[PDB]
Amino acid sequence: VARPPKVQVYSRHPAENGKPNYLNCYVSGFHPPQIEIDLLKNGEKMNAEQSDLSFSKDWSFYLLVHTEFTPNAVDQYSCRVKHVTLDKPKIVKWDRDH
């Protein structure tokens, strides 16, 4: 039994240029638990932290990878995830409206 991760990329608070915020990459609905998550800024890996591995009732795993950031009009953010279930890494760009 294997399950690909659902990925949601967003900010903790509504993105407001200059005002420091939190960039979240919520990875869920996956199995087995071995997973690799990177946050990107214009294409480069950063120094993130993450909440502890947990699972839902259906036994699939979830966790939040997140770093403190400062939004503007220039910088482009994203999330890169790899799992046994993916041919190549999945890249999801951040969209401040969604």
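A residue's number is simply how far along the shown sequence it sits, counting from 1. In this text, rigid core is short for the largest set of C-alphas that superpose within 1.5 Å between two forms.
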Original post:
C-alpha RMS from this form in 9 other deposited structures of this protein, rigid core superposed: larger for 42 to 50 or 23 to 31?
Top reply: 42 to 50
Original post:
Between 55 to 63 and 40 to 48, which has the higher average C-alpha B-factor in the PDB entry?
Top reply: 40 to 48
**OP:** Look up the CA B-factors in the entry and say which stretch, 2 to 10 or 88 to 96, has the higher mean.
**Re:** 88 to 96
**OP:** For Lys19, return the chain-relative third of its C-alpha B-factor as stated in the PDB record: lowest, middle or highest.
**Re:** highest
